[PDB]
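[1] this one's sequence-less:
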Ligand SMILES: *C(=O)CCCC[C@@H]1SC[C@@H]2NC(=O)N[C@@H]21
């Protein structure tokens, strides 16, 4: 146990590194070019380049890796996942050195690597299988062995809620299957384990149905991205045990010991824009502010000031929470998200918030088509219910006054004739008006609405804070604030609306203001700068999101990215790399 | 007398309830309603409410409305005195007469005698033809006043309707011109004459609409969505401005720390020199509560001019935009920043200049267009300016442009530099081809000669050895460096040679 390299990067790299060094173990890492910044680099006690940004030239190249594994002296390399975590060539080259590839044996890996083979290996293994399903629920089991015959499972995680097959939300345990059927899946899971000679930790994916009838789709010989959930109820560090065993070792705990306490939910913060058909997002992270602690865990491979390059997975973070009861964890999460601040890229934060509030997620009655059933038209935005608009109205109204009073303390005002801040306002939310009166002293503020009702706003907030932690009617309300002519842009749950806080006459007149209609768009992308086309990243008949990078013209040794005006589909292109066009020259055409 | 109350209320009706609707019909508020939203709730005191014109030609004397087309007076904005006039389009088209101007002069003359800004709300059909030369003279006294007050008391012009003919020349001379997206416009000559003389057919909106002016002509400083935000944003603007050239920028509370660090900044300048970045990111992070009131945003986009506060005080800012024209300086970017700098100086507002310019924009269009003169304007502006001047070069600072951008030779106070700065006569390439002629036929000599010029001159250190850059700092600390830099200059006092006035190129 000492100098152990990592064949991966991103959040996972940190994930392992944070464990290695927590057990006094010489950490080491690798990194491409567009990754000298990366948080894992700086987390390790060493680091070695490995070539250009693409991994098919840096992170996958076994020569590169190896050269460094010795270059820094191995002892136990870890692949994290989705890279060489399951590529035999590298699995053998390590043994051809003595570098303990912490994980599964290159055999069992190729075993469950092929469907057919796997099918059989479970059969005699007496592993349930779709003979030859009602409410399909993707429910998996986390098992861990060692090369010493022992092996046990540590509960199950339900990842039913996934879009286009890409997992979105994982939870542990599963709100469906009970104790018996759980051990059922569990006992049979681990049994299947040994049957193939699995060493480290691995996952067995089942397809439970409406009657708790479970089957078996397959086994992934590696560490699962969604493992955090398992860890927050089992009280184990799969990355820890993973090395322990990969280092000839027994299991400190037996099946009778492995207890599963309270609940855990894990969301994935993806740099994708829900509002524009989850188009990936590329760019630098201006604000990047997650929560911290009912627990709150954030596995990230990014930081503020960092950039999300086209050369990797759009995941930015895994926001996990846990608590005693499930309802609890879903709550810490809901709060958790509310405070997660991200700026500079398009992300699914609002979308996640949305499903966390989705009844079916709340009732647990979810299938594997949930995402497809409930969000058939992509993410249509979220909109608050009266008692929500109400609470928000009051808060904005309360904050607005605060700010307004400050404008009043300008130097140079008429001595006995300063501006006096009003008490009556009209908060205009989601197409809803809220005539409200404010009275505030020192503790907080008391907002009263037309119906005689009154809420009490209390807050730390002050102009400029981008996030506002208020206390309206004793209950916590976390908002993301931005300035706007007549009030602010507020964002709560999947919410994101212009909250106007005006005075009665201000409001009365604004009502006379015409309703703005966006400009018109040509279906022709004209070249605005007489330059040279560096690159076109769009194909004919491709569909583009409003604001999507189309091409890139080089101006005066400066690159300019041109982008779609409104969502649409490429009719024809008529210019390519190396081309040099003047102004107005049509670059592309849209149907 | 309740008779008074009647007369009063009669006057308040303007051209009548039917026309008021017409006005509202165009999405336009009334003269009085605009005034009502501009000034601190109930703080408006009106003057000359019963003024009537003195015309006798063309039976003009049979139509003698009260107020004669414009609402004048004073009030406060956040408690600070401000003088105002709102043209009442519903009254004889808010057409300018001898008496309509007189009313405007009364409060202009009052603004100047008491040292308070003048907000002009233009919404007029133009001169009152029946008055003849008296309408011309009417304009004259406004113009004159407009001129005498230039740089003595802030003059914010708000266009919220038509503005045609001589009229345009007044807002022309004020310090700011804001327009309302679709309901406003302004041009010296009308679309119809443009036809009969150019045979060109164009609509008023095309000819001089909010858009045309906020991004093509260089005449307006911003086009607001509608009358209500227009008014709201103007007070916002006023909250930054000093009340006159005697006092210094106003001060107010600020919930932010002068020692705030933005580590994000340390990676704002991209590694690849051909990749832009948004200069505006920096501006917001440095700006106090991230608030940045931008001027002429939609024009000469290769340069940014705006206001921000620091430690609750007003600071003007001029910075290069890589995203457009590669941050080149050009006739328009020059004219755009040049005036901003001059207004800020004329009014004791400090300047923060953020730099990353490659040089000026090449072209026959530029040279024939007179960059020699326009280009100099900005140079002239910084050369003349004596308020406190802090500068931070983020990346590119080459040649002439380098000098123009508030260089130390223009006697700026602090000349900071990020390590990614590169100040030099010209790029390594071009530099090399001039310095090493007899070496071009050896593509390895010049390939190496460049590589050396690059490694030896493209940075901020040669300039540091010279004292031209007072210091090279860590990007994250800019907010901290700049804040106290200004703090320490609050007492700055510098004298320019005596003269009636300057002769800056036009
Ligand atoms: C590279 O493509 C050739 C160099 C182009 C020169 C650039 S264009 C604008 C900059 N200012 C200037 O005078 N030269 C720079």
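    Received it, and whenever you're ready, just let me know what you need. Numbering: from 1, shown residues only, chains lettered A, B, ... in the order given.
[2] Domains in chain A, by residue range?
    Per curated CATH domains, the structural domains of chain A span A:1-129, A:134-378, A:379-511, A:523-591.
[3] ok, is the second one in contact with chain B or not?
    Yes - if you take C-beta under 8 Å from any C-beta of the partner chain as the test, domain A:134-378 does meet chain B, through A:284, A:285, A:286, A:287, A:304, A:305, A:306, A:307. C-beta: built from backbone N, CA, C; applies to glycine.
[4] between the residues you listed, which is nearest chain B?
    Nearest to chain B among those, counting by C-beta to the nearest C-beta, is residue A:305 at 3.7 Å.
[5] what does chain B have sitting close to the ligand?
    Proximity of chain B to the ligand, by C-beta under 6 Å from any ligand atom, involves residues B:328, B:358, B:359, B:360, B:361, B:362.
[6] Quick check: residues of the stretch 451-591 of chain A near the ligand?
    With C-beta under 6 Å from any ligand atom as the criterion, the stretch 451-591 of chain A meets the ligand at residues A:556, A:557.
[7] Which residues of the stretch 451-591 of chain A lie near chain B?
    A:462-466, A:483, A:485-486, A:503, A:505-506, A:509-510, A:512-514, A:516, A:529, A:554-560.
[8] Just the buried ones among these, please.
    Buried by 16 or more other C-beta atoms under 10 Å in any protein chain shown: A:462-465, A:485-486, A:503, A:506, A:509-510, A:512-513, A:529, A:554-555, A:558-560, out of those.
[9] follow-up on the earlier one: narrow the residues of chain B next to the ligand to just the buried residues.
    Buried among these by 16+ other C-beta under 10 Å: B:328, B:358, B:359, B:360, B:361.
[10] would a markdown table of the residues you listed with secondary structure be doable?
    Formatted as a markdown table, those follow (DSSP: H, G, I helix; E, B strand; the rest coil):
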| residue | secondary structure |
| --- | --- |
| B:328 | coil |
| B:358 | coil |
| B:359 | coil |
| B:360 | strand |
| B:361 | coil |
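[11] if we can go back for a sec, now list the buried members of the residues of domain A:134-378 next to chain B.
    A:284, A:285, A:286, A:304, A:305, A:306, A:307.
[12] In strands only, show me the residues you listed.
    A:284, A:307 (DSSP state E).
[13] Looking at the buried ones among the residues of domain A:134-378 next to chain B, which one is closest to residue B:54?
    Distance to residue B:54 across these (C-beta to C-beta) is lowest for residue A:286, with 61.1 Å.
[14] Who are the contact partners of that closest one?
    A:304, A:343, A:344, B:264, B:281 (C-beta atoms under 8 Å, 6 or more residues apart in numbering or on different chains).
[15] So which of those residues is the closest to the ligand?
    Nearest to the ligand, judged by C-beta to the nearest ligand atom, of those is residue B:281 at 22.9 Å.
[16] Torsion angles phi and psi at that closest one?
    phi -60, psi -50 (degrees, to the nearest 10).
[17] can you pull the contacts of it?
    A:286, B:264, B:268.
[18] do you know how far the last one is from residue A:465?
    Separation of residue B:268 from residue A:465 (C-beta to C-beta, to the nearest Å): 22 Å.
[19] can you give me the strands in the stretch 401-506 of chain B?
    B:414-417, B:422-424, B:471-472 (DSSP state E, counting those that start in this stretch).
[20] mind putting those strands in TSV, mean neighbour count included?
    Output for the strands of the stretch 401-506 of chain B, formatted as TSV (neighbours: other C-beta atoms under 10 Å in any protein chain shown):
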stretch	mean neighbour count
strand B:414-417	25
strand B:422-424	24
strand B:471-472	14
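[21] Would you mind giving the secondary structure of residue B:316?
    Per three-state DSSP, residue B:316 ends up strand.
[22] Would you state the strands of the stretch 451-591 of chain A in chain order?
    Under DSSP E, counting those that start in this stretch, the stretch 451-591 of chain A gives strands at A:454-459, A:467-472, A:475-484, A:487-491, A:497-502, A:524-526, A:531-536, A:543-544, A:549-554, A:559-563, A:568-573, A:580-581, A:586-590.
[23] Give me the contacts around stretch A:414-424.
    The contact list for stretch A:414-424 (C-beta under 8 Å, 6+ apart) reads A:401, A:404-405, A:407-408, A:413, A:435-439, A:503-504, B:40-41, B:43, B:76-81.
[24] Go through that stretch and flag the buried ones.
    A:418, A:419, A:421, A:422.
[25] same deal with stretch A:344-361?
    A:344-356, A:358, A:361.
[26] So which of those residues are in helices?
    Secondary structure from DSSP state H places A:349, A:350, A:351, A:352, A:353, A:354, A:355, A:356, A:361 of the buried residues of stretch A:344-361 in helices.
[27] quick check, nearest of these to residue B:399?
    residue A:349 (45.5 Å).
[28] With residue A:327 as the reference, measure out to residue A:338.
    Noted for residue A:338: a distance of 17 Å to residue A:327, by C-beta to C-beta.
[29] The two: who's more crowded?
    Between residue A:338 and residue A:327, residue A:338 has the larger neighbour count (other C-beta atoms under 10 Å in any protein chain shown), namely 23 against 10.
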